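Asker: Questions regarding the structure given below will be posed in turn.
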Amino acid sequence: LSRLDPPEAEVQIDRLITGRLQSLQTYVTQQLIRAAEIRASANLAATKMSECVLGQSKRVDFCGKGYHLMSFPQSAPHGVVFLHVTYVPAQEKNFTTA
Amino acid sequence: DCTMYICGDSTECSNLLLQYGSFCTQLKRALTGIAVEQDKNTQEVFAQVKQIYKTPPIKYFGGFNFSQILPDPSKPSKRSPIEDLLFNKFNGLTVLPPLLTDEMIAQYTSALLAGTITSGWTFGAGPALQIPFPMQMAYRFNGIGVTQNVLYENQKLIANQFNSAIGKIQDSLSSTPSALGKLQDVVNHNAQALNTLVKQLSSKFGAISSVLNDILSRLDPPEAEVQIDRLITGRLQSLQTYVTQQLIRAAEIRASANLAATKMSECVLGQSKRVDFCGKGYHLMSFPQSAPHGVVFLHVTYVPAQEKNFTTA
Amino acid sequence: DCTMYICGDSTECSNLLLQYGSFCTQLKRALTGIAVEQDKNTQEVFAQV
Amino acid sequence: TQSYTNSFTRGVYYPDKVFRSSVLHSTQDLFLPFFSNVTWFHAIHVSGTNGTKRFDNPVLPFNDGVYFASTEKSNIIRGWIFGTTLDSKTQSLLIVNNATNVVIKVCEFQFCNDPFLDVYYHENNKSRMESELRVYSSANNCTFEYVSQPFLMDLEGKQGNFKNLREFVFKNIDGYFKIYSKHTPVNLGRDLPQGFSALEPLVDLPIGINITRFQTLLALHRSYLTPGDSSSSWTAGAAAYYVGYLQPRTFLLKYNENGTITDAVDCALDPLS
Amino acid sequence: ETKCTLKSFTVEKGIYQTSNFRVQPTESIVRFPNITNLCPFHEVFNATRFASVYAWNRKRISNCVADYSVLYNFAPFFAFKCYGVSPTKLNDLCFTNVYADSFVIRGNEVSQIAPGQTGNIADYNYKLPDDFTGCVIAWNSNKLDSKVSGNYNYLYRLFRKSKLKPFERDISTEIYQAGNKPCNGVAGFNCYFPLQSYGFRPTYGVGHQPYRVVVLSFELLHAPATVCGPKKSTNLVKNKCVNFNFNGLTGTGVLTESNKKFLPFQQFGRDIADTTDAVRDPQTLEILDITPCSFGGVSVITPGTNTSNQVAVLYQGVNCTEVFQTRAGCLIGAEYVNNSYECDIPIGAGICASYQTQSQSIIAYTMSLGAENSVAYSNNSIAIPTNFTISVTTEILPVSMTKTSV
Amino acid sequence: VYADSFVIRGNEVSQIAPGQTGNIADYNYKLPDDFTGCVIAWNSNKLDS
Ligand SMILES: *[C@@H]1O[C@H](CO)[C@@H](O[C@@H]2O[C@H](CO)[C@@H](O)[C@H](O)[C@H]2NC(C)=O)[C@H](O)[C@H]1NC(C)=O
Ligand SMILES: *[C@@H]1O[C@H](CO)[C@@H](O[C@@H]2O[C@H](CO)[C@@H](O)[C@H](O)[C@H]2NC(C)=O)[C@H](O)[C@H]1NC(C)=O
Ligand SMILES: *[C@@H]1O[C@H](CO)[C@@H](O)[C@H](O)[C@H]1NC(C)=O
Ligand SMILES: *[C@@H]1O[C@H](CO)[C@@H](O)[C@H](O)[C@H]1NC(C)=O
Ligand SMILES: *[C@@H]1O[C@H](CO)[C@@H](O)[C@H](O)[C@H]1NC(C)=O
Ligand SMILES: *[C@@H]1O[C@H](CO)[C@@H](O)[C@H](O)[C@H]1NC(C)=O
């Protein structure tokens, strides 16, 4: 501003405005997509909480890998952490069936 | 690569672009994130088994026929006939290859089929436990309120019906005009986006010409500065539009891949009590198959018919 | 549609719009993709029977 | 005489020769719109052994190029006149053919139509016509010159069944008067046959001129096969000389796997198109 | 380079992209039509009956070329005076029309072919415009224009009526009138002939021997181009990344033999993406295929700063014969081992690297999809577990992010 | 329509424009930045002087 008079500074200022605003436009547009990504996980977390925690889920490999027993939520910075309790079996044995 | 697409083999253009701020680092970071997410999607969808299972050398499953979905060793690719039928049916724009090649996605699929035919759903929870296939079918019937009573009493009939359905699914996939609409449309969308991005190079964008060499030779850098800057900002806007559309498309594909992973974890590695999730009707089993940039589920379901009326109380 | 929106009833403005390439046939395709999808949403939610 | 007929699918020429095998490229150029009215123009100067002055050869306007087609034995049409007012007040160009020659020249002739009609021009009685050129009677200030190979390589198939058809397109975009041509002798008597045929450029020359006037000159010393009638209001009459006016239109051309144009679809013609 | 791109002095495990490897052209070529075909420039110079200055021999140049590299061995070319147009930069220029006049002069009349001067001869014989651009070449002509008796075959006007506009002709026999006696046709007193004897002799020294000089009139106004230069020629290299400059083409790539079927008249080649790929050279009338110069995003494979400093480079999607080879590209710095392990740094199609002691280096290999397991399925065999294990896994999910109100 | 008439010189008339200054557009008379009008100049050397 102190180095140039209005007429060419107006051209130069418009160049900064059309760049900063477009840079700001990119940030918000890229921010909306991340928000959609978070809500997809947030909605999944809400669904995970309503089934794994407040109940037992028959869905395989949803509330922990294996047969599900219960769950315990733990708050975390900008997120939630689940403690799935599972009933993975072990020590199989051959048998003859009919 | 922003510098080659926007500017190509020019030094003054690169110097001018170096001012337009970090409009590249962001582009490369977003596209690399998309590529990593794409490489990971198949990992969630297919790599659900810790161990690769193999079918027994002799294939007799109580009358049930699995030749159409298990890999055929005759073909060098080791793909199932249905998978084979599915498979049959340059300015800095590099196309990175997927991390998991199509010769090992088929191997994950074969392992999943082997586990689900030879061990039921037990291999989904913990160690794989062998189980005769008629017993597994009795389990799945018992899972939808139909006792084990009527499976064995109809075992030959159900085996024939399942074999006929498996035989005719290939005909349904072949004789149809376009059943693989989603995969073909994804591929066409990517090709169309890339073609539009390429064709955008030959755009004046309000300048004298779309050729950087032409806009350089006919002028001097002082007077050609405005024209080359206009071309740079136009191409940058085109690249930003392309990357934003790619991000949205990748979010849609990520949602679809999460849905497919859930479908594999419930329909395949177990029985789903949800209605109209694993195919119409009561759900019995599900067999995965690979496909170019996608997966195909064969949802073996149970549909009643020939009802009779009665008086009840 | 770009043609009328960007340039109301101007032939010479339309010519200048051609210099920008596929900023519009790409744009119109994007909007008609949403439009056909909307009819798919109601089709999928309700027509289950 | 004059009459009206339908163009069908014809008059499609390569705008440039960027080889694009198997490409559905579309361009917005000057073209002959599909199914356009084409006016048969005819000249009738022959009658037995008497004079029978002509008063024929009316004026033919030229606007945004022109598509011309004909079927002639050897050199029935040999003259082309391209120049406003056809006088010594505006620049003019002449394309004059020969046995094997061309006399493309830019000048300002007052008059150049002195064919010297033969009193014995009866083709059925004699077929001698030599040295009856009689052109460039007057030239005020004429500088631009050009000579090259002729334009029409007429072929004889040892019979009259090979009705060879010659097509040409003349447009005047900043000089370089392109003379796209194509000879299809497959015709056996059909007028403007169904099908498709592309036109390939031959020559060009830049001068810069607002040519709005078109005319052709015949081999009048041997004139025959010219009938006359009252053909008007959408009728037909033997002319052996077509003409159509181009318009700026959008075309979508389909290049063959070899490189040639198999067929092209017009725009703004049908909703399907 | 990895430390430069990812701004930190510690680089963790993982493949990193840093820049793009790009082959550069090794030399520049240019090729235009065969020779200059038949420019009639030689006929103007190679002659014996040059027109004099009383009526110049104006010739229209629209069937010739601007190849100012082959006309020099037809005359002594002692003087190469040129106007604002650059004699060196004549080949590149595409003159719309060139107007040349050939005439013979003497030594003292060399300066008469020049704008903005004063004197006698050019005010009666040959008038030049003020802005006469082009070039003029003067050379001695005593070999041909000399007679032991007298060479009175070249004439010149000397007493024209008055000054004339640039490039004007006044060839007309008239009784020159200057004085108070309007001669009625006798042409006697106070009436001298406008034309004067213009003979030559060999005995005369420097400045009086006859000289032949020709002129060039150009026009650089924006107009369709007619006379153009072939830019001499260069040898047609093949199978090497170069800078091709064919007719109306300026790009870089690799020129290879073409198996296409270009129908006789041709300009360029194209594709579905509207890019030039197939061109033909008029010097050979053969079709050449153009491939874009090899490129590809170079990548760095590192085992982490806190394990080593050795790195493996992954030039992507390039057959870098122009060390290992993969579908994703060629690996240098890592030797391909035929074993299989669960891979911790993805590379490409099945190929992953790792830092192993097999004296530790980087090894690339095919992914091991998992431990091989074969079940014992039989007609009447069932496995029933006798024990369990209450395992507590963990799952982490974002729920929200930082709100912003810019 | 406002017609402002005055006489300055051949050199100074070159800076009758927004922004640009010849010591006439800061103390004498300057033209507004958003000026949508016209300027007409002609010689007056024969006059006075
Ligand atoms: C069971 O059989 C049919 C249906 O399966 C019933 O007959 C229908 O009855 C309804 C109303 O009562 C009518 O609208 C339909 O047109 C009838 N269909 C036919 C084919 O007749 C029948 O009433 C039911 N009960 C018994 C005892 O048969
Ligand atoms: C008992 O189960 C074990 C595995 O839990 C079986 O052991 C493997 O069986 C497969 C299939 O026949 C063979 O290919 C392997 O070689 C066996 N492993 C070993 C270490 O022998 C076993 O076959 C089952 N039956 C019996 C009778 O032991
Ligand atoms: C890496 O090594 C340096 C020196 O060997 C050490 O100071 C630093 O703590 C190490 N970092 C980690 C994460 O181990
Ligand atoms: C790629 O490199 C291999 C290495 O030997 C070579 O055999 C092959 O011909 C090359 N192919 C191309 C298209 O360069
Ligand atoms: C590794 O295995 C491959 C597979 O055949 C073999 O060709 C090679 O010799 C083996 N040894 C190496 C690469 O050192
Ligand atoms: C299972 O029964 C079938 C019946 O034909 C027989 O072929 C097969 O060998 C049997 N397999 C075993 C392991 O007993």
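Numbering starts at 1 and runs along the chain as it is shown here.
This entry, so its header tells us, was determined using electron microscopy, 3.5 Å.
Even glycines carry a Cβ here, placed using N, Cα and C.
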Asker: Swiss-Prot lists region 'Disordered' for one of the ranges D:43-56, D:71-84; which is that range?
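Answerer: From Swiss-Prot, the annotated region 'Disordered' range turns out to be D:43-56.
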Asker: Nearest of the recorded positions to D:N37 (N-linked glycosylation site) by CA-CA distance, picking from D:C107, D:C142, D:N210?
Answerer: D:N210
Asker: Counting only residues 6+ away in sequence within the same chain, which have a CB under 8 Å from the CB of D:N258 (N-linked glycosylation site)?
Answerer: D:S21
Asker: Quickly jot the same-chain residues contacting the region 'Disordered' (D:43-56) by Cβ under 8 Å, restricted to those at least six beyond its ends, or write none.
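Answerer: Answer is 1, 117, 119-122, 218, 220, 223-224, 226-228, 241.
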Asker: Can you tell which of the recorded positions D:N50, D:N98, D:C107, D:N125 lies nearest to D:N210 (N-linked glycosylation site) in space, using Cα positions?
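Answerer: Among D:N50, D:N98, D:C107, D:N125, D:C107.
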Asker: Given the recorded positions D:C107, D:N125, D:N141, D:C142, which one's Cα is the least distant from that of D:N50 (N-linked glycosylation site)?
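Answerer: Checking each of D:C107, D:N125, D:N141, D:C142 against D:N50 (N-linked glycosylation site), the shortest Cα distance is to D:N125.
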Asker: For D:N141 (N-linked glycosylation site) and D:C107 (disulfide bond), determine the Cα separation and express it in whole Å.
Answerer: 7
Asker: Among the recorded positions D:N50, D:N98, D:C107, D:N210, D:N258, which ones place their CB within a distance below 8 Å of a chain E CB?
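Answerer: It is D:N258, listed by sequence.
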Asker: Pop the Cα-Cα gap between D:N98 (N-linked glycosylation site) and D:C107 (disulfide bond) into the table, whole Å please.
Answerer: 19
Asker: Just to verify a number: CA distance, D:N98 (N-linked glycosylation site) to D:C142 (disulfide bond), in angstrom, no decimals.
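Answerer: If we compare the Cα positions of D:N98 (N-linked glycosylation site) and D:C142 (disulfide bond), the gap is 21 Å.
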Asker: When you measure from the Cβ of D:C142 (disulfide bond), which residues in the chain that are at least 6 apart have a Cβ under 8 Å away?
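Answerer: Same-chain residues close to D:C142 (disulfide bond) (Cβ under 8 Å, separated by 6 or more) are D:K105, D:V106, D:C107, D:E108, D:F109.
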Asker: At 10 angstroms around each C-beta, which of the glycosylation sites D:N50, D:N98 has the fewest other C-beta atoms nearby?
Answerer: D:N50
